[PDB]
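Q: Quick one: this structure, given as structure tokens, is what I'll be asking you about.
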Ligand SMILES: *[C@@H]1O[C@H](CO)[C@@H](O)[C@H](O)[C@H]1NC(C)=O
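In the working numbering, the protein residues as written are 33 to 383.
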């Protein structure tokens, strides 16, 4: 299991000012480090953050965190559950900043909550260097849902941080699971109070959110919300990033106001969503995108079960590792389903 360490720099906090932290399981012989960002939506004003504090407090505070957590999926230490990186050093970073890992603002006389996601990542990396990360060969920053978007927003900053700290030999890579969203038209209506473009636009100002520098320079002031959308931020990144995304992601459908006898309009909407997602992945060389209606994969215990074109995700990730040492015979890394309806892939999760 992974053991809790609260940050020694107690100025790097969860939303309510309690210290942020990480869960760690070291692997003495290993020079591989997996840092996983938890997900769980976000909040973007006083009223909706107050409601989140009432009923989702673990995502806003470390006060009730347990001393340990069990690693599952890519965080499992058993080769049977995790064929990919079972022997790596494992870190689970709880999501307690409600800011898609983008914030750099403290709780103060003017701020009821602290939004410190981007600083939590930097501080975890800094404190791990003294616990063995200084000897790393590869640091894989992974994450699911809001944590997957967090990978896209932070992977290059982790790389820059390690370079400036004097560790240019650590290879920083990203694994973004279920964080690749489309700013598409909703199937029906709008209400918010959501259209994620508007909520993210407000969140960035509420959180003092930060985005990767090259993306920020493209979109400029007032338009940094664009960098929260994978297909727009990905081309600006320098670190290798493997993208995992269900073609019919449940969170995407939720923000699109789709709630599942499907008639023609909704059928065409769903098929076009899968086609648009597939189009955005065409030039992403390392990707795994099954035609399923689901959400998240990499920390699920049965993550080894789904396959695209006969290749599982742990295999694709291993092939990615080999590619980062010309395509490899029978070891693909670009795996995007082409069939057009959820569960047209027989290996999709059953629910
Ligand atoms: C603690 O974190 C804050 C915010 O990231 C930073 O400004 C400060 O230098 C840090 N101090 C130490 C001792 O790590």
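Quick reminder that beta carbons are idealized off the backbone N, C-alpha and C, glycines included.
1. Measure the alpha-carbon distance for residue 201 versus residue 270 and round it to whole angstroms.
2. Give the list of continuous alpha helix (DSSP H) stretches no shorter than 4 residues that lie fully inside the stretch 121-188.
3. Around the Cβ of residue 341, are there at least 16 other Cβ atoms within 10 angstroms (buried) or fewer (exposed)?
4. Thinking just about the alpha-carbon of each residue, which of 213, 224 and 33 is nearest to the one in residue 122?
5. So is the beta-carbon of residue 154 under 8 Å away from any non-hydrogen atom of ligand 1?
6. Of the residues 317, 380, 51 and 90, which one's Cα is nearest the Cα of residue 366?
7. Helix, strand or coil for residue 375? Go by DSSP, reduced to three states.
8. For residue 309, I'd like the list of residues in its chain whose CB is within less than 6 Å of its CB, leaving aside the five on either flank, ordered along the chain.
9. Report the residue from 135, 85 and 109 whose alpha carbon sits nearest the alpha carbon of residue 124.
10. Put residue 273 into one of helix, strand or coil per three-state DSSP.
11. Please report how far the alpha carbon of residue 171 lies from the alpha carbon of residue 39, in whole angstroms.
12. What are the boundary residues of the alpha helix (DSSP H) that includes residue 246?
13. Using alpha carbons as the reference points, say which of 207, 127 and 96 lies closest to residue 106.
14. Helix or strand or just coil, what does DSSP make of residue 238?
15. Suppose you measure from the CA of residue 96 to the CA of residue 90; what does that come to, to the nearest Å?
16. Between which two residues does the beta strand (DSSP E) holding residue 263 run?
17. Please give me, in chain order, every unbroken run of the beta strand (DSSP E) with length at least 3 that falls completely inside the stretch 275-339.
18. Whose CA, out of 295, 377 and 45, lies closest to the CA of residue 326?
19. Is there contact between the stretch 255-264 and the stretch 209-226, where contact requires at least three CB pairs shorter than 8 Å?
20. I need the straight-line Cα distance from residue 82 to residue 113, nearest angstrom please.
21. Are there 16 or more other CB atoms within 10 angstroms of the CB of residue 23, so buried, or fewer, so exposed?
22. With distance defined between alpha-carbon atoms, name the residue in 234, 139 and 64 nearest to residue 50.
23. DSSP on residue 73, reduced to helix/strand/coil?
24. To the nearest angstrom, report how far apart residue 128 and residue 361 are at their CA atoms.
25. Let's see if you can read the secondary structure: which residues bound the alpha helix (DSSP H) around residue 89?
26. From residue 273 to residue 53, what distance separates their C-alpha atoms?
A: Here's the rundown:
1. In the chain shown, counting from the first residue as 1, residue 201 sits at position 169. In the chain shown, counting from the first residue as 1, residue 270 sits at position 238. Within the model, the alpha-carbon separation for residue 201 versus residue 270 is close to 15 Å.
2. Within the stretch 121-188, the complete alpha helix (DSSP H) runs of at least 4 residues are 149-161.
3. By one-based count along the chain shown, residue 341 stands at place 309. Label assigned to residue 341: exposed.
4. Counting from one through the chain shown, the residue named residue 122 turns up at place 90. Taking residue 122 as reference, the option from 213, 224 and 33 with the minimal CA-CA separation is 33.
5. Here residue 154 corresponds to residue number 122 of the chain shown, with the count starting at 1. Taking the Cβ of residue 154 as the reference point, at least one heavy atom of ligand 1 falls within a distance shorter than 8 Å.
6. As a working note, residue 366 is residue 334 in the chain shown. Sorting 317, 380, 51 and 90 by C-alpha distance to the C-alpha of residue 366 places 317 at the top.
7. Along the chain shown, one-based indexing puts residue 375 at 343. Coil.
8. As a first step, residue 309 must be located in the chain shown, where it is residue number 277. Exclusion of the five residues before and after residue 309 leaves 279 as the residues of its chain whose Cβ lies within less than 6 Å of its Cβ.
9. For this step, residue 124 is matched to residue 92 along the chain shown. The closest CA to that of residue 124, considering only 135, 85 and 109, is found on 109.
10. As a position in the chain shown, residue 273 is number 241, starting the count at 1. Three-state DSSP puts residue 273 in a strand.
11. Here residue 171 refers to the residue found at position 139 when the chain shown is read from its first residue. Here residue 39 refers to the residue found at position 7 when the chain shown is read from its first residue. Straight-line Cα distance between these residues: approximately 19 Å.
12. If you number the chain shown from 1, residue 246 lands on position 214. Counting along the chain, the unbroken alpha helix (DSSP H) around residue 246 starts and ends at 245-251.
13. On the chain shown, position 74 is the one that residue 106 refers to. Closest by alpha carbon: 207.
14. By 1-based counting over the chain shown, the position of residue 238 is 206. Note: residue 238 maps to helix in three-state DSSP.
15. Against the chain shown, residue 96 aligns to sequence position 64. Against the chain shown, residue 90 aligns to sequence position 58. Going by the C-alpha atoms only, they are around 7 Å apart.
16. The sequence position of residue 263 within the chain shown is 231, counting from 1. Premise fails: residue 263 lies in the alpha helix (DSSP H), 262-265, not in any beta strand (DSSP E).
17. Taking only runs of at least 3 residues, the beta strand (DSSP E) segments lying wholly in the stretch 275-339 are 319-321.
18. Numbered from its first residue, the chain shown carries residue 326 at position 294. Of the listed residues, the one whose Cα sits closest to residue 326 is 377.
19. Segments in contact, yes.
20. Here residue 82 refers to the residue found at position 50 when the chain shown is read from its first residue. Here residue 113 refers to the residue found at position 81 when the chain shown is read from its first residue. Annotation: residue 82 to residue 113 spans about 38 Å, alpha carbon to alpha carbon.
21. Because the chain is modelled from 33 through 383, residue 23 falls outside the range shown and cannot be assessed.
22. One-based indexing of the chain shown puts residue 50 at position 18. The shortest C-alpha separation from residue 50 is found at 139.
23. Position 41 of the chain shown, counted from the start, is the residue given in the question as residue 73. Per DSSP, reduced to three states, the secondary structure at residue 73 is coil, with no helix or strand assignment.
24. For the purposes of this step, residue 128 is taken as the residue at position 96 of the chain shown. For the purposes of this step, residue 361 is taken as the residue at position 329 of the chain shown. Each residue's alpha carbon lies about 42 Å from the other.
25. Here residue 89 refers to the residue found at position 57 of the chain shown. Residue 89 -> no alpha helix (DSSP H), and no H or E assigned at all.
26. Here residue 273 refers to the residue found at position 241 when the chain shown is read from its first residue. Here residue 53 refers to the residue found at position 21 when the chain shown is read from its first residue. Whole-angstrom Cα-Cα distance: 25 Å.
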